[PDB]
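Following: one structure in structure tokens, then a few remarks.
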Amino acid sequence: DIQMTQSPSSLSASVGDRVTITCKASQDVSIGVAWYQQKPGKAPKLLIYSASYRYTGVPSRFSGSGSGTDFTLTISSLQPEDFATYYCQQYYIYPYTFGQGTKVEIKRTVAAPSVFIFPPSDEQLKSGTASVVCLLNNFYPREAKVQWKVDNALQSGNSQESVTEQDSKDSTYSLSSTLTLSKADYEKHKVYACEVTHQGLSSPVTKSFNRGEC
Amino acid sequence: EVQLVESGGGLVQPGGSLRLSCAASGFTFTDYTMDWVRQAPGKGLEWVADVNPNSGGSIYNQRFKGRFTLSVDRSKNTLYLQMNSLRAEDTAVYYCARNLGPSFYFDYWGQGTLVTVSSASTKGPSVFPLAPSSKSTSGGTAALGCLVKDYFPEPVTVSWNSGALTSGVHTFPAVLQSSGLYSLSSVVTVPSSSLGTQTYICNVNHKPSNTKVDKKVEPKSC
């Protein structure tokens, strides 16, 4: 069937910048191409059809061009709310295939994360486990490293982290890292700390607490 | 206004069955054709099928023939996707979408409904407080929250103070633990001067297990 390949797979651009996304069809599809925008947790929205027609009500900054095998979607002036995955699709030839999508993120001024730590609740302890949570709030860029240390020993394989989708209003991210141990293991140690490294921090930041005191 | 509301998604075992519904409104339902497009977790989009509400004729995507059946009730403006012999690979968010032109591009999509194909049992979450303390206070800002742990399947909804508190809230994407159960945290930052003066309750709702929990999060010494 016809394959639709997009490039780049992801990109970061500043507010006000002109952004160009490409989509290559494995064979001539004349002008039977559409573009869609999909924001986190929302359903896709039609932006362009017939390769160059902006759909009714779509912001003017969105436009499409091309015909044959090379198509392009252009955002004339990127806005904070434009963080999303953009997909092209060819719709004349069954099975009406979509491209893999291009992730667009907004490049903003560097912002260091505020770091907060939460000891396990006494409630969870009586459940047999202890989850320690470290929160990195409202930062940019997305890249950040969180390292857990129990009595100064670096942890591995016992933590998981989650990052929020880029904020559509101030383009920042937040991240949660959860260290989980059984109650038995948790009570065999004293100092629990998360060390955070990020571009906005001149030096790593460490937040910690003593089990016996929390 | 134009709206497409899907429903019927949920957890089903491999080889199980499910029926998704799409209630249309705000336009002459019979003047267009309707489709279903799906998206597996963290993947792209895949067209599923199209149906003409005037003739009932439908076109399916190759690999879905035999287990997916499209139908429509031109008396309620509703579309249906009957699914049988479900495979693990069928786990995805299924979107209902309107097809205006003769071509196959869709101008309006519903919010979608999640279908999870797994043999794992439904389990309600434990809800633990992420207590605010000096350890979660940075000047005029303090953080607090709730840890929603060990539930299945997705999703869970979390609100603060019955939706009264929305600013400063961050409900993180769930993570799948090794146990096969999901876990997520919801946090909120508030001015430090409001801690001892305001009550903070996280309202957790896990529809799949028909469980609803409220948890008051109080400051702690640490």
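Residues are referred to by chain and number: the chain letter is A, B, ... according to the order shown in the structure tokens, the number counts from 1 in that chain, and ligands are numbered separately from 1 in the order shown.
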| task | Could you please write out, as number ranges by chain, every residue of chain B that DSSP assigns to strand (DSSP E)? | result | B: 3-7, 11-12, 18-25, 33-39, 46-51, 58-60, 68-73, 78-83, 92-99, 108-109, 113-117, 126-130, 137-138, 141-151, 157-160, 169-171, 175-176, 182-191, 201-206, 211-216
Please list as a CSV table (one decimal) with C-alpha atoms, in the first residue's frame every residue within 10 Å of stretch 39-51 of chain B, counting only C-alpha atoms and excluding residues in the same chain fewer than 4 positions away.
chain,number,residue,atom,x,y,z
A,44,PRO,CA,-7.3,14.7,16.3
A,85,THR,CA,1.6,15.7,17.2
A,87,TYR,CA,-0.2,13.7,11.1
A,89,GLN,CA,-2.8,11.2,5.6
A,94,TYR,CA,-7.6,2.2,0.5
A,95,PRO,CA,-6.7,1.7,3.4
A,96,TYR,CA,-6.3,5.5,3.7
A,97,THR,CA,-3.0,5.5,5.6
A,98,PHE,CA,-1.7,8.1,8.1
A,99,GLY,CA,1.9,9.2,8.5
A,100,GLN,CA,3.7,8.3,11.8
A,101,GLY,CA,3.3,11.8,13.0
B,32,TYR,CA,-22.5,12.0,5.6
B,33,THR,CA,-20.8,8.7,6.1
B,34,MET,CA,-19.3,7.7,9.5
B,35,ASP,CA,-16.0,6.1,10.4
B,55,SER,CA,-27.9,2.4,2.8
B,56,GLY,CA,-26.2,0.7,5.7
B,57,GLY,CA,-23.3,-0.3,3.4
B,58,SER,CA,-19.9,-0.5,5.1
B,59,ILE,CA,-16.3,-0.7,4.0
B,60,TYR,CA,-13.7,-2.3,6.4
B,61,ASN,CA,-10.0,-2.3,6.7
B,62,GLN,CA,-8.6,-5.7,5.7
B,63,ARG,CA,-7.5,-7.3,9.0
B,64,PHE,CA,-10.7,-6.3,10.8
B,65,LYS,CA,-13.0,-8.2,8.5
B,68,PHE,CA,-15.6,-6.0,13.6
B,69,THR,CA,-19.1,-5.2,12.4
B,70,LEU,CA,-20.5,-1.7,11.7
B,71,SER,CA,-24.2,-0.8,12.0
B,72,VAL,CA,-26.3,2.3,12.5
B,79,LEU,CA,-23.3,4.3,15.1
B,80,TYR,CA,-22.1,0.9,16.5
B,81,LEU,CA,-18.9,-1.1,16.2
B,89,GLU,CA,-3.3,-6.0,19.5
B,90,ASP,CA,-6.8,-4.5,19.5
B,91,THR,CA,-6.1,-2.6,22.7
B,92,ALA,CA,-6.5,1.1,21.7
B,93,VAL,CA,-8.6,4.3,21.8
B,94,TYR,CA,-11.3,4.1,19.2
B,95,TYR,CA,-12.5,7.4,17.7
B,96,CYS,CA,-15.7,8.0,15.9
B,97,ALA,CA,-15.3,10.6,13.1
B,98,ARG,CA,-17.5,12.3,10.5
B,99,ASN,CA,-16.7,11.8,6.8
B,104,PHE,CA,-11.8,9.6,3.2
B,112,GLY,CA,-12.7,8.4,21.7
B,114,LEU,CA,-10.6,3.1,25.4
B,115,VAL,CA,-10.7,-0.6,24.7
B,116,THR,CA,-8.3,-2.8,26.8
| task | Within 9 Å of chain A, which residues of chain B are there when counting only C-alpha atoms? Please give them as a PyMOL selection string. | result | chain B and resi 43-48+60-62+95+103-112+126-133+135-138+142-144+147+170-175+177+184-185+187+189+220-222
Could you write out the selected residues, including N, CA and C atoms, as a compact mmCIF listing (two decimals), in the first residue's frame?
# COMPACT_ATOMS: atom_id res chain seq x y z
N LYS B 43 1.03 4.95 19.85
CA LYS B 43 1.24 4.65 18.44
C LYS B 43 0.52 5.66 17.54
N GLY B 44 0.51 5.39 16.24
CA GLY B 44 -0.13 6.28 15.29
C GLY B 44 -1.60 5.99 15.07
N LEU B 45 -2.15 6.52 13.98
CA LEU B 45 -3.57 6.35 13.67
C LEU B 45 -3.81 5.30 12.60
N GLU B 46 -4.88 4.52 12.77
CA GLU B 46 -5.22 3.47 11.83
C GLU B 46 -6.72 3.47 11.52
N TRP B 47 -7.06 3.67 10.25
CA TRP B 47 -8.46 3.67 9.84
C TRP B 47 -9.04 2.27 10.06
N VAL B 48 -10.25 2.22 10.60
CA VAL B 48 -10.91 0.94 10.88
C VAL B 48 -12.02 0.59 9.89
N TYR B 60 -14.64 -2.01 5.28
CA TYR B 60 -13.74 -2.30 6.39
C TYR B 60 -12.28 -2.36 5.98
N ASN B 61 -11.41 -2.17 6.96
CA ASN B 61 -9.98 -2.26 6.73
C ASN B 61 -9.71 -3.76 6.79
N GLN B 62 -8.91 -4.24 5.84
CA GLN B 62 -8.56 -5.65 5.70
C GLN B 62 -8.60 -6.55 6.94
N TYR B 95 -11.81 6.10 17.93
CA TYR B 95 -12.47 7.36 17.66
C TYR B 95 -13.56 7.23 16.62
N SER B 103 -14.36 11.80 -0.33
CA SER B 103 -13.05 11.27 0.02
C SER B 103 -12.99 10.78 1.46
N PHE B 104 -11.88 10.15 1.84
CA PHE B 104 -11.75 9.63 3.19
C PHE B 104 -10.94 10.42 4.21
N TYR B 105 -11.25 11.70 4.35
CA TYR B 105 -10.60 12.52 5.36
C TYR B 105 -11.75 12.93 6.28
N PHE B 106 -11.49 12.97 7.58
CA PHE B 106 -12.53 13.25 8.56
C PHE B 106 -12.46 14.62 9.21
N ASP B 107 -13.55 15.38 9.09
CA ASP B 107 -13.58 16.74 9.63
C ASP B 107 -13.96 16.93 11.09
N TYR B 108 -14.46 15.88 11.73
CA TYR B 108 -14.82 15.98 13.14
C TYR B 108 -14.65 14.62 13.80
N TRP B 109 -14.02 14.63 14.98
CA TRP B 109 -13.75 13.41 15.73
C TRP B 109 -14.30 13.49 17.15
N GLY B 110 -14.74 12.35 17.67
CA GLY B 110 -15.24 12.31 19.03
C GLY B 110 -14.03 12.22 19.93
N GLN B 111 -14.23 12.18 21.25
CA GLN B 111 -13.10 12.11 22.18
C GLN B 111 -12.49 10.71 22.25
N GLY B 112 -13.18 9.73 21.69
CA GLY B 112 -12.68 8.37 21.70
C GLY B 112 -13.05 7.61 22.95
N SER B 126 -5.51 2.10 45.45
CA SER B 126 -5.28 2.47 46.84
C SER B 126 -5.00 3.96 46.64
N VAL B 127 -5.35 4.80 47.60
CA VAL B 127 -5.10 6.23 47.48
C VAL B 127 -4.37 6.69 48.73
N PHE B 128 -3.13 7.12 48.55
CA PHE B 128 -2.31 7.56 49.67
C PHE B 128 -2.00 9.03 49.55
N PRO B 129 -1.91 9.73 50.68
CA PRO B 129 -1.62 11.15 50.62
C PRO B 129 -0.13 11.42 50.41
N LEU B 130 0.16 12.52 49.70
CA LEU B 130 1.52 12.97 49.49
C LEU B 130 1.43 14.22 50.36
N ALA B 131 1.74 14.03 51.64
CA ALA B 131 1.64 15.08 52.64
C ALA B 131 2.63 16.22 52.52
N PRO B 132 2.12 17.45 52.60
CA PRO B 132 2.97 18.63 52.50
C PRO B 132 3.73 18.79 53.82
N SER B 133 4.97 19.26 53.73
CA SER B 133 5.81 19.46 54.90
C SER B 133 6.87 20.46 54.49
N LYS B 135 9.65 19.76 53.72
CA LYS B 135 10.32 19.06 52.62
C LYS B 135 9.66 19.25 51.26
N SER B 136 8.45 19.81 51.25
CA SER B 136 7.76 20.04 49.99
C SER B 136 7.31 21.49 49.93
N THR B 137 8.06 22.36 50.60
CA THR B 137 7.77 23.79 50.62
C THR B 137 8.99 24.56 50.12
N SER B 138 8.76 25.44 49.16
CA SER B 138 9.82 26.27 48.60
C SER B 138 9.39 27.74 48.63
N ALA B 142 4.07 25.67 48.26
CA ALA B 142 4.11 24.36 48.89
C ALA B 142 3.41 23.37 47.97
N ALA B 143 3.92 22.14 47.94
CA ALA B 143 3.35 21.09 47.10
C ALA B 143 2.74 20.00 47.97
N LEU B 144 1.69 19.38 47.46
CA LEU B 144 1.00 18.30 48.16
C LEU B 144 0.30 17.48 47.08
N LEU B 147 -1.23 9.81 45.76
CA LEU B 147 -0.66 8.72 44.99
C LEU B 147 -1.78 7.69 44.78
N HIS B 170 -1.32 19.09 38.70
CA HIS B 170 -0.62 18.26 37.73
C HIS B 170 -0.93 16.80 38.01
N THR B 171 -1.72 16.19 37.14
CA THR B 171 -2.08 14.79 37.27
C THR B 171 -1.24 14.09 36.21
N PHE B 172 -0.23 13.36 36.67
CA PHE B 172 0.69 12.68 35.77
C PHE B 172 0.16 11.47 35.03
N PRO B 173 0.73 11.22 33.84
CA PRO B 173 0.31 10.06 33.05
C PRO B 173 0.61 8.83 33.90
N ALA B 174 -0.27 7.85 33.88
CA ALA B 174 -0.04 6.66 34.69
C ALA B 174 1.16 5.87 34.17
N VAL B 175 1.80 5.12 35.06
CA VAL B 175 2.92 4.28 34.66
C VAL B 175 2.50 2.84 34.95
N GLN B 177 3.40 -0.61 36.27
CA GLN B 177 4.41 -1.26 37.10
C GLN B 177 4.65 -2.70 36.65
N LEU B 184 -0.18 6.32 39.53
CA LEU B 184 0.06 7.70 39.14
C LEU B 184 -0.09 8.58 40.35
N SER B 185 0.44 9.79 40.23
CA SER B 185 0.33 10.75 41.30
C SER B 185 -0.30 11.99 40.73
N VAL B 187 -0.53 16.04 41.84
CA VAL B 187 0.00 16.99 42.79
C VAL B 187 -0.55 18.37 42.50
N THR B 189 0.31 22.65 43.58
CA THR B 189 1.14 23.61 44.28
C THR B 189 0.20 24.73 44.70
N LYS B 220 2.22 17.46 57.47
CA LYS B 220 2.87 16.52 58.37
C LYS B 220 4.23 17.03 58.81
N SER B 221 4.77 16.43 59.86
CA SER B 221 6.07 16.80 60.39
C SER B 221 7.11 15.88 59.75
N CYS B 222 8.10 16.46 59.09
CA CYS B 222 9.13 15.67 58.42
C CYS B 222 10.39 16.51 58.19
| field | Residue nearest residue A:26 among A:202, A:172, A:65, A:6 (counting only C-alpha atoms) | value |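 Going through A:202, A:172, A:65, A:6 one by one, the smallest distance to residue A:26 is for A:6.
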| query | Can you tell me, as a PyMOL selection string, what residues are no more than 12 Å from residue A:13 when counting only C-alpha atoms, ignoring any on the same chain fewer than 5 positions away? | reply | chain A and resi 18-21+75-80+82-83+103-109+171
Keeping only C-alpha atoms, take the residues you just selected and write them out as a short mmCIF file (atom, residue, chain, number, x, y, z; two decimals), in the first residue's frame.
data_model
loop_
_atom_site.label_atom_id
_atom_site.label_comp_id
_atom_site.auth_asym_id
_atom_site.auth_seq_id
_atom_site.Cartn_x
_atom_site.Cartn_y
_atom_site.Cartn_z
CA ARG A 18 8.11 29.46 11.21
CA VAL A 19 7.84 25.68 11.38
CA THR A 20 7.89 23.32 8.40
CA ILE A 21 6.96 19.62 8.55
CA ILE A 75 2.96 26.95 10.88
CA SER A 76 3.80 30.58 10.04
CA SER A 77 4.23 31.66 13.66
CA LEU A 78 4.34 28.90 16.29
CA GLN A 79 2.20 29.50 19.38
CA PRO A 80 2.43 27.88 22.85
CA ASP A 82 0.58 24.41 19.12
CA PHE A 83 2.36 21.71 21.14
CA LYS A 103 5.94 15.83 17.54
CA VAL A 104 6.19 19.60 17.88
CA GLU A 105 7.42 21.14 21.14
CA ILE A 106 7.89 24.80 22.03
CA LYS A 107 11.41 25.98 22.84
CA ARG A 108 11.27 28.50 25.67
CA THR A 109 13.65 30.15 28.12
CA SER A 171 5.51 25.57 27.85
#
